[PDB]
Amino acid sequence: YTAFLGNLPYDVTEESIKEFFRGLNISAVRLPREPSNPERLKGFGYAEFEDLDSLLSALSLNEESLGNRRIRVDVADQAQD
């Protein structure tokens with residue numbers, strides 16, 4: 001499945017979601033942020049997730065109000081859906 005978020009207050013994606021996102025492993029994480037060195041905080045990410053475990057957290061974990069930015073998490077298709 002694919003989980004994309006509204007806006008990340010600092011915990012965005014890529015390693016962060018892979019671990020913070022939830023209980024299950026996510027196949028991939030695409031965040032407009034570059035952690036290779038920059039370490040940016042924006043709002044808009046996508047991850048391939050089992051959702052299952054993620055779905056539970058993704059439903060609540062997400063949309064949290066952080067400072068002035070909330071990251072929404074929703075399940076978006078999977079391979080071919």
# chains A, B, ... in the order shown; residues from 1 in each chain; ligands from 1
$ select_by_dssp --residues "segment 3-42 of chain A" --states "strand (DSSP E or B)" --output "MDAnalysis selection string"
chainID A and resid 3:5 26:30
$ select_by_dssp --residues "chain A" --states "alpha helix (DSSP H)" --output "PyMOL selection string"
chain A and resi 16-20+52-60
$ closest_residue --among "A:36, A:27, A:78, A:68" --to "residue 6 of chain A" --atoms "only C-alpha atoms"
A:68
$ closest_residue --among "A:54, A:16, A:25, A:7" --to "residue 69 of chain A" --atoms "only C-alpha atoms"
A:7
$ residues_around --residues "residue 70 of chain A" --least-positions-apart "6" --cutoff "10 Å" --atoms "only C-alpha atoms" --output "PyMOL selection string"
chain A and resi 5-10+43-44+61-64
$ write_last_selection --atoms "N, CA and C atoms" --output "short mmCIF file (atom, residue, chain, number, x, y, z; two decimals), in the first residue's frame"
data_model
loop_
_atom_site.label_atom_id
_atom_site.label_comp_id
_atom_site.auth_asym_id
_atom_site.auth_seq_id
_atom_site.Cartn_x
_atom_site.Cartn_y
_atom_site.Cartn_z
N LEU A 5 1.53 11.76 3.43
CA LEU A 5 1.12 12.65 4.50
C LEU A 5 1.00 14.10 4.10
N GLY A 6 0.19 14.79 4.89
CA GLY A 6 -0.04 16.19 4.70
C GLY A 6 1.24 16.96 4.79
N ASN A 7 1.59 17.38 6.00
CA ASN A 7 2.83 18.10 6.19
C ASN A 7 3.58 17.58 7.41
N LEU A 8 4.88 17.36 7.23
CA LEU A 8 5.72 16.87 8.30
C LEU A 8 6.34 18.05 9.04
N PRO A 9 6.13 18.13 10.36
CA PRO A 9 6.69 19.22 11.17
C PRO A 9 8.19 19.08 11.35
N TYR A 10 8.68 17.87 11.13
CA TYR A 10 10.11 17.57 11.20
C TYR A 10 10.33 16.08 10.98
N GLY A 43 6.08 19.30 4.12
CA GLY A 43 4.80 18.71 4.27
C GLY A 43 4.29 18.09 3.01
N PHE A 44 4.46 16.78 2.91
CA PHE A 44 4.01 16.00 1.75
C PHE A 44 4.95 14.82 1.55
N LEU A 61 -1.99 8.32 14.17
CA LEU A 61 -0.65 8.90 14.20
C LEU A 61 -0.61 10.17 13.38
N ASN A 62 -1.06 10.06 12.14
CA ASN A 62 -1.11 11.18 11.22
C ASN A 62 -1.93 12.34 11.78
N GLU A 63 -2.08 13.37 10.96
CA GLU A 63 -2.85 14.55 11.29
C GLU A 63 -2.56 15.11 12.68
N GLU A 64 -1.45 14.70 13.28
CA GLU A 64 -1.11 15.25 14.58
C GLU A 64 -0.75 16.70 14.39
#
$ residues_around --residues "residue 28 of chain A" --least-positions-apart "6" --cutoff "8 Å" --atoms "only C-alpha atoms" --output "tab-separated table (two decimals) with C-alpha atoms, in the first residue's frame"
chain	number	residue	atom	x	y	z
A	14	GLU	CA	12.73	7.97	4.67
A	18	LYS	CA	10.01	3.34	7.99
A	47	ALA	CA	5.50	5.53	1.49
A	48	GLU	CA	4.75	2.03	0.41
A	49	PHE	CA	3.35	0.39	3.48
$ residues_around --residues "residue 77 of chain A" --least-positions-apart "6" --cutoff "10 Å" --atoms "only C-alpha atoms" --output "ChimeraX atom specification"
/A:1-3,48
$ residues_around --residues "residue 57 of chain A" --least-positions-apart "6" --cutoff "9 Å" --atoms "only C-alpha atoms" --output "list in words"
residues 21, 22, 23, 51 and 73 of chain A
$ write_last_selection --atoms "N, CA and C atoms" --output "compact mmCIF listing (two decimals), in the first residue's frame"
# COMPACT_ATOMS: atom_id res chain seq x y z
N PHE A 21 6.52 5.43 11.30
CA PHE A 21 5.22 5.21 10.68
C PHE A 21 4.34 4.24 11.41
N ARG A 22 4.91 3.17 11.98
CA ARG A 22 4.02 2.18 12.61
C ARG A 22 4.66 0.84 13.01
N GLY A 23 3.83 -0.22 12.87
CA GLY A 23 4.18 -1.58 13.22
C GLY A 23 4.80 -2.40 12.11
N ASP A 51 0.48 -0.94 5.57
CA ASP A 51 -0.73 -0.23 5.97
C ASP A 51 -1.33 -0.91 7.17
N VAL A 73 -1.96 10.64 7.06
CA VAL A 73 -1.52 9.37 6.51
C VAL A 73 -2.71 8.57 6.01
$ closest_residue --among "A:19, A:11, A:81, A:74" --to "residue 55 of chain A" --atoms "only C-alpha atoms"
A:74
$ closest_residue --among "A:56, A:4, A:50, A:20" --to "residue 32 of chain A" --atoms "only C-alpha atoms"
A:4
